[PDB]
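Data block below; observations after.
Throughout, protein chains are lettered first and strands after them, A, B, ... in sequence-line order, and every chain is numbered starting at 1. In what follows, every heavy atom counts, from backbone to side chain, and hydrogens, waters and symmetry copies are set aside. In each ligand, atom 1 is the first atom listed, and ligand 1 is the first ligand listed.
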Amino acid sequence: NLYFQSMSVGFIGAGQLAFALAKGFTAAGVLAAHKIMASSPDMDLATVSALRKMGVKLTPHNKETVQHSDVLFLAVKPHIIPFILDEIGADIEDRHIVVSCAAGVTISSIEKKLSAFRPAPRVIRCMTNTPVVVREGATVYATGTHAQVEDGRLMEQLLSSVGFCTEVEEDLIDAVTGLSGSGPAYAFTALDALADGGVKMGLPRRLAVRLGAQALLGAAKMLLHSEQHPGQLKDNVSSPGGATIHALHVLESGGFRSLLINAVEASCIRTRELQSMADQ
Amino acid sequence: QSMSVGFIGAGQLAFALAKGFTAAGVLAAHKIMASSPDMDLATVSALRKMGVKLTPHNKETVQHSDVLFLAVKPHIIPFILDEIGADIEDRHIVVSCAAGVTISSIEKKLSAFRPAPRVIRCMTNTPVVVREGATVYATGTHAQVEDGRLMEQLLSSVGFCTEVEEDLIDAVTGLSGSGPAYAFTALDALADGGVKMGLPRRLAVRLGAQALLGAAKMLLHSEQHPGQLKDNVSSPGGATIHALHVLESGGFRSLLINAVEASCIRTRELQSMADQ
Amino acid sequence: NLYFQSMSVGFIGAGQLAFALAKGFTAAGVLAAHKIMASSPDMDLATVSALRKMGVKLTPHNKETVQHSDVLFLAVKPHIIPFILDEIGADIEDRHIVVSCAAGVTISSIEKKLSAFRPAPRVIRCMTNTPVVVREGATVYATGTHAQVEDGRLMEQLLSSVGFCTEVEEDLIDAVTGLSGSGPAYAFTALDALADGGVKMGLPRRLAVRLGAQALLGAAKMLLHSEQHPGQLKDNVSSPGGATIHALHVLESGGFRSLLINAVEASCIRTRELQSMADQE
Amino acid sequence: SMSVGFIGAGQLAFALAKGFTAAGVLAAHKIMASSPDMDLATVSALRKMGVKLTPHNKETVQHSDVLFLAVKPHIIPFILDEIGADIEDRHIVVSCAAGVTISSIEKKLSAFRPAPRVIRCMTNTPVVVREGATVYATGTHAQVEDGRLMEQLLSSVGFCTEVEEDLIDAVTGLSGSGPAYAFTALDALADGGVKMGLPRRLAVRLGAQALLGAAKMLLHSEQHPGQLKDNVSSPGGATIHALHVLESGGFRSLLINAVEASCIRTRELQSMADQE
Ligand SMILES: NC(=O)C1=CN([C@@H]2O[C@H](COP(=O)(O)OP(=O)(O)OC[C@H]3O[C@@H](n4cnc5c(N)ncnc54)[C@H](O)[C@@H]3O)[C@@H](O)[C@H]2O)C=CC1
Ligand SMILES: NC(=O)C1=CN([C@@H]2O[C@H](COP(=O)(O)OP(=O)(O)OC[C@H]3O[C@@H](n4cnc5c(N)ncnc54)[C@H](O)[C@@H]3O)[C@@H](O)[C@H]2O)C=CC1
Ligand SMILES: NC(=O)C1=CN([C@@H]2O[C@H](COP(=O)(O)OP(=O)(O)OC[C@H]3O[C@@H](n4cnc5c(N)ncnc54)[C@H](O)[C@@H]3O)[C@@H](O)[C@H]2O)C=CC1
Ligand SMILES: NC(=O)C1=CN([C@@H]2O[C@H](COP(=O)(O)OP(=O)(O)OC[C@H]3O[C@@H](n4cnc5c(N)ncnc54)[C@H](O)[C@@H]3O)[C@@H](O)[C@H]2O)C=CC1
Ligand SMILES: O=C(O)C1SCCCS1
Ligand SMILES: O=C(O)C1SCCCS1
């Protein structure tokens with residue numbers, strides 16, 4: 001907690017991720033809102049005003065964010081990262097930890113940009129997801145060439161306050177992007193559809209959404225707290241001849257499992273593809 | 001609390017509820033009794049390790065408790081009601097957890113023995129074991145108003161709980177009753193996808209489960225429609241919208257509708273066989 | 001109360017789009033038909049005779065359109081654009097605003113052709129759709145290298161009189177083409193099929209067509225005027241256990257959503273593919 | 001001067017009341033709506049509009065000259081039993097309920113007074129923006145002036161025409177359910193825009209504008225929708241490529257399936273009701 005005593009955090013970009021992390025960080029009480037600064041060229045988005053009401057300092061100028069922050073989150077779309085790196089590269093100092101949240105963007109490409117300005121930029125690449133907004137995020141991070149050993153420890157302590165966090169090799173991160181980065185969108189789709197199923201069978205929509213979301217939350221918590229395999233927990237629910245095993249059969253007949261595999265694969269591949277376009 | 005709880009049936013649900021109740025601190029384990037004809041099942045051993053009183057005699061459980069949970073398989077319910085119908089006192093609240101079984105069929109059995117049985121019907125799910133269950137309940141003909149309030153206070157300690165009209169319960173069964181099994185299937189598949197793309201299985205399972213937990217929590221804590229939360233994730237041209245497309249191309253949404261429908265219909269069908 | 005009293009408009013091309021815009025502008029009262037000129041090598045066209053009955057001036061000679069006009073719409077098929085630019089490039093004056101409506105054709109390619117004749121051509125690229133003919137179009141536009149700020153404001157005023165209009169970065173226009181440019185065709189296909197459904201269930205075809213079109217119009221208007229997500233508006237229609245949620249299930253079972261995604265993607269990709277062939281040439 | 005009542009204070013009552021007041025045909029405070037659940041969001045919107053709210057259906061009847069039945073179809077018989085003795089010769093009774101026949105309504109009401117004036121209608125939520133699609137059929141005792149009055153009233157919030165009653169279940173499957181098909185389609189078109197690089201807000205706006213413009217074009221054209229489609233697609237172009245992938249998925253057949261499924265379910269529900 002001495003890490004966060006006087007630490008200042010900044011976000012280049014003031015959109016969904018910046019709000020989600022800033023909301024989670026302040027809710028966890030690890031950072032006061034006034035120690036957080038965000039910059040965006042369009043202060044007309046719904047997220048810029050939400051950060052304002054939160055007590056986060058805003059500015060149009062990315063150089064202002066760099067001069068204020070000790071830990072600097074890059075929270076812009078991936079194709080903007082090289083433009084921002086050209087713009088504020090001469091402003092990065094030895095004190096800075098540069099934490100890239102951008103999907104696909106490699107540590108190598110960031111270090112190559114910044115190293116033209118100062119020889120030893122401290123860079124950390126991260127992949128998280130929007131549920132950090134409720135402190136139930138899923139975060140992985142990889143440390144760059146010049147990151148100090150306390151840099152990774154500090155980063156893990158920070159991202160652990162808003163969910164699961166663990167260090168990985170960088171070559172896992174595109175796959176993590178396809179699973180837990182895109183994950184929430186798959187769950188929101190499933191919950192919308194489960195609610196439609198409830199409505200089709202006679203439930204009011206508000207109740208069907210509440211029950212479906214509670215069912216998913218509880219099942220996920222069960223798995224996280226169990227040493228048993230997912231299939232064994234499935235078997236615990238399914239009584240012989242009963243309703244659940246009948247419903248599992250219709251999922252299997254539609255290739256339900258294969259669709260989710262397809263989704264992780266497609267997101268991972270698109271992530272890889274976007275970065276190959278970027279480097280080329 | 002001076003409250004004594006009993007379980008007829010000492011299987012998965014009895015363990016999940018007793019584990020949840022005691023973890024919530026609303027019941028002491030020694031004030032709980034559970035009965036089963038096979039005193040050597042694994043759930044029986046798990047209940048015993050928790051401190052629960054176990055016995056093979058369903059009459060013992062009835063005489064022990066004030067709130068009596070029926071946690072046997074649905075086809076066993078009529079057998080149980082004939083066995084212990086003569087032992088039901090004015091003090092008892094009988095809470096049937098059995099899928100499909102109607103309040104009418106329970107009240108009909110018990111009323112041959114003593115008028116005005118106090119009956120509650122509930123549908124819950126296994127995540128009460130981690131205090132994140134989803135529970136609905138319907139009050140019977142002779143349940144008093146405080147009976148419903150007491151059961152909601154009790155079941156709210158282990159998850160979401162709300163009162164419903166009984167004719168919603170077979171549909172709830174198909175959604176949140178069977179729901180966890182849909183989620184375990186999806187988590188297994190998502191982890192397979194992670195492994196295909198290079199992740200160790202243990203990490204893929206942890207991330208998939210955490211993603212689903214976080215997304216469910218976001219929706220429960222947001223006023224927004226799940227479609228809008230979906231919109232907020234997917235950036236234009238990005239990985240997430242590409243993945244959502246392959247889900248749509250397979251009819252993902254329709255499979256989940258199919259599942260809730262099939263579970264509900266099977267629940268209705270099974271009770272129609274019981275009535276005949 | 002808008003009126004461009006000093007603006008002369010010309011169309012290179014006198015086909016479906018020129019008619020739809022000329023009809024929309026004149027109905028909007030922002031231009032008098034006799035201040036519009038259109039050219040085409042085929043005066044034996046249904047659209048040419050329609051433009052004539054509005055009062056639009058017609059000529060077979062593209063140079064005459066250029067000499068008459070201030071704002072010059074390029075309303076020919078995309079592969080004709082380079083030929084057109086070679087033909088009248090020497091006739092472009094300082095006063096001209098060249099507005100290309102051609103699918104896929106880049107500002108860069110237009111400016112490169114015209115700059116060989118006179119530096120600083122003022123070019124605007126737009127993508128619109130046929131419902132401008134009923135003043136409910138969906139239009140986006142992007143300003144070129146030498147377009148002045150008043151040129152884009154003026155074009156947004158003009159094009160806002162026949163529907164929605166906003167400025168975009170040019171790299172969005174091929175995707176807009178696939179959504180709102182091709183979109184009316186998706187809708188006409190859907191309405192034909194919904195009417196077939198009405199007829200199967202016992203409705204006369206005329207009534208089925210009227211009701212299906214009115215349902216789509218009303219729903220689109222509800223979404224445009226609502227702050228709610230399309231999914232929430234969908235939830236408000238369906239009664240539990242009811243007819244609508246039964247019908248939504250059969251759409252989902254066929255991958256209905258995926259087909260519309262497929263369509264937008266296919267139109268955008270084809271639009272990009274065609275321009276790549278043009279610029280290889 | 002006309003006083004209007006709604007039995008039921010949900011989505012349809014709100015949409016109609018918002019449309020009528022936006023059209024200037026009724027004062028909000030000349031509308032009264034009743035519901036037992038005075039805690040719905042629709043009830044709060046109605047109260048903010050200035051509509052009179054009461055839990056008592058009898059009060060709505062006594063207030064109204066024109067009385068809309070806006071409860072769920074399975075509620076109509078209980079409603080008719082409850083306030084049948086309160087329907088007067090002056091009332092026009094307009095049922096909006098999906099599937100429910102004039103014959104079933106007249107049978108209940110005629111046990112009280114001999115000649116109840118009944119009109120059946122099917123409409124849709126876009127009356128809220130005064131672009132509804134409405135049909136109606138006149139009952140046995142409805143006067144010629146009653147049909148003209150209802151057409152005038154419902155034409156203030158969209159298209160309105162008289163039909164024979166045997167068309168109304170089919171209308172329900174087309175324009176009654178229709179807006180939901182369009183909302184699903186608009187959500188998916190926006191995902192398509194986002195997949196190809198557009199911001200979600202812009203994609204939603206463009207998709208909705210394209211659909212609105214195209215429907216207006218057809219309503220204002222004598223040409224067949226296939227001919228309007230032909231006018232968009234140039235040879236070898238983007239639009240005809242996209243039309244091909246729609247055809248390859250059976251896009252047309254899915255919309256036929258939807259109209260049929262909604263119509264069949266509407267008939268199936270009413271067969272269940274009249275069986276009871
Ligand atoms: N939303 C999500 O689900 C997650 C997103 N991410 C990553 O975070 C990054 C942003 O994601 P979102 O926040 O969803 O994007 P977003 O589009 O919601 O916000 C992006 C922000 O960048 C700002 N911006 C644009 N140009 C800028 C510039 N030149 N200088 C400074 N700010 C500028 C925009 O104004 C906007 O505020 C992406 O790289 C994405 O991969 C990672 C994890 C989850
Ligand atoms: N496990 C679940 O996912 C949920 C189960 N339920 C309902 O709870 C009931 C049981 O569910 P599970 O516990 O999964 O079944 P289970 O089979 O794990 O437990 C069944 C128990 O009943 C006992 N039993 C059999 N005959 C008996 C008798 N004559 N007297 C006393 N005990 C007897 C068995 O020995 C066993 O301990 C079913 O009606 C089910 O629908 C409801 C919600 C969730
Ligand atoms: N119709 C639509 O749905 C929309 C069309 N557009 C664009 O507008 C342009 C034209 O579209 P349509 O009007 O549908 O084509 P169209 O084929 O109806 O009319 C094209 C016109 O170009 C004329 N033409 C051919 N060679 C010419 C030349 N050398 N000089 C002058 N005129 C010549 C033809 O005689 C015809 O009048 C295309 O680039 C298309 O992408 C853009 C948005 C919507
Ligand atoms: N929502 C739509 O898209 C359209 C609905 N309809 C028809 O309108 C009727 C209702 O539709 P929604 O308003 O969507 O239902 P809704 O469920 O939103 O509201 C129904 C209202 O009935 C009230 N209600 C329940 N029991 C009652 C009773 N005994 N006395 C008085 N009110 C009672 C409920 O509290 C609620 O306010 C249905 O028959 C439906 O078929 C027809 C055309 C379009
Ligand atoms: O195992 C089954 O099939 C039944 S058990 C009670 C809730 C879920 S359905
Ligand atoms: O018809 C096509 O293929 C082109 S022109 C119509 C709108 C944009 S795409």
Does a donor on one side chain and an acceptor on the other come within less than 3.5 Å for [X] and [Y]?
X: C/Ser182; Y: C/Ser267; value: yes
X: B/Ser235; Y: A/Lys77; value: no
X: B/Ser234; Y: B/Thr240; value: no
X: D/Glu59; Y: D/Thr54; value: yes
X: D/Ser34; Y: D/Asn57; value: yes

Problem set entry | Heavy-atom gap A/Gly181 to ligand 1 smaller than 4.0 Å | no
For this session: Mark the output for A/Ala14 as yes if a heavy-atom distance to ligand 1 is under 4.0 Å, and as no if none is.
Result: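 Checking ligand 1 against A/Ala14, which is what was asked, there is a heavy-atom contact under 4.0 Å.
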Taking only heavy atoms of [X] into account, list the atoms of ligand 3 that are under 4.0 Å away from them.
X: C/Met127; result: 43 (C)
X: C/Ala103; result: 39 (O), 41 (O)
X: C/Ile84; result: 28 (C), 29 (N), 30 (N)

For [X] and [Y], indicate whether the former's side chain and the latter's backbone hold a donor-acceptor pair under 3.5 Å.
X: A/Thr106; Y: A/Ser109; value: yes
X: A/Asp174; Y: A/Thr271; value: no
X: D/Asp86; Y: D/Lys58; value: no
X: A/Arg270; Y: B/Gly237; value: yes

Decide yes or no for [X] and [Y]: does some side-chain heavy atom of the first lie under 4.5 Å from some side-chain heavy atom of the second?
X: D/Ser95; Y: D/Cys121; answer: no
X: D/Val94; Y: D/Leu69; answer: no
X: A/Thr65; Y: A/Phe11; answer: no

Could you name the option among [options] that has the heavy atom nearest to [atom]?
atom: atom 25 (C) of ligand 3; options: C/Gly183, C/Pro41, C/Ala102, D/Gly237; value: C/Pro41
atom: atom 7 (C) of ligand 4; options: D/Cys96, D/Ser95, C/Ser239; value: D/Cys96
atom: atom 26 (N) of ligand 3; options: D/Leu228, C/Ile80, C/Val132; value: C/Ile80

Exercise. Going through the checks in order, is the side-chain contact (heavy atoms from CB on, under 4.5 Å) test met by C/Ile110 and C/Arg125?
Worked result: CA-CA 9 Å; C/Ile110 295 162; C/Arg125 175 186 178 181; 5.7 Å; no
Of all the atoms in ligand 4, which lie at a distance below 4.0 Å from a heavy atom belonging to [X]?
X: D/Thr123; value: 43 (C), 44 (C)
X: D/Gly8; value: 21 (C), 22 (O), 23 (C), 31 (C), 32 (N)
X: D/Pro73; value: 38 (C), 39 (O)

For this session: Quick one: look at A/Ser39 and ligand 1, take heavy-atom pairs under 4.0 Å, and tell me if it's side chain, backbone, both or neither.
Result: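 Contact part for A/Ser39 vs ligand 1: backbone (N, CA, C, O).
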Exercise. For ligand 1, which part of A/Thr47 has a heavy atom less than 4.0 Å away: the side chain, the backbone, both, or neither?
Worked result: neither
For this session: Check whether any heavy atom of D/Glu82 sits under 4.0 Å from an atom of ligand 4.
Result: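 Outside the 4.0 Å threshold, so no.
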Exercise. Closer than 4.0 angstrom: is that true for some heavy atom of C/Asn236 and an atom of ligand 4?
Worked result: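 Distance cut 4.0 Å: C/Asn236 passes for ligand 4.
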Could you tell me, atom by atom, which parts of ligand 1 come under 4.0 Å of a heavy atom of [X]?
X: A/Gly15; answer: 13 (O), 18 (O), 19 (O), 21 (C), 37 (O)
X: A/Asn62; answer: 30 (N), 31 (C)
X: A/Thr130; answer: 1 (N), 2 (C), 3 (O)
X: B/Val233; answer: 3 (O)

For this session: Using a 4.0 Å heavy-atom threshold (strictly under), name the region of C/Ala75 that reaches ligand 3: side chain, backbone, both or neither.
Result: backbone
Problem set entry | Structural part of C/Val105 in contact with ligand 3, heavy atom criterion under 4.0 angstrom | neither
For this session: Decide whether an N or O pair under 3.5 Å exists between A/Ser40 and ligand 1.
Result: yes
Exercise. Does D/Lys72, backbone or side chain, put an N or O under 3.5 Å from an N or O of ligand 4?
Worked result: yes
Problem set entry | Euclidean distance, C/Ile12 CD1 relative to C/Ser40 OG, rounded to 0.5 Å |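 It comes to 10.0 Å.
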For this session: Find the distance between CE (B/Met218) and OG1 (A/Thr130) and round it off to the nearest 0.5 Å.
Result: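 The OG1 atom of A/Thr130 is 4.0 Å from CE of B/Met218, to the nearest 0.5 Å.
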For this session: State whether the shortest distance between N or O atoms of C/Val76 and N or O atoms of ligand 3 falls below 3.5 angstrom.
Result: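 Indeed, backbone or side chain, C/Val76 has an N or O that close.
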For this session: Before signing off on this row, confirm whether C/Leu17 and ligand 3 have an N or O atom pair separated by under 3.5 Å.
Result: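 Right, the criterion is met.
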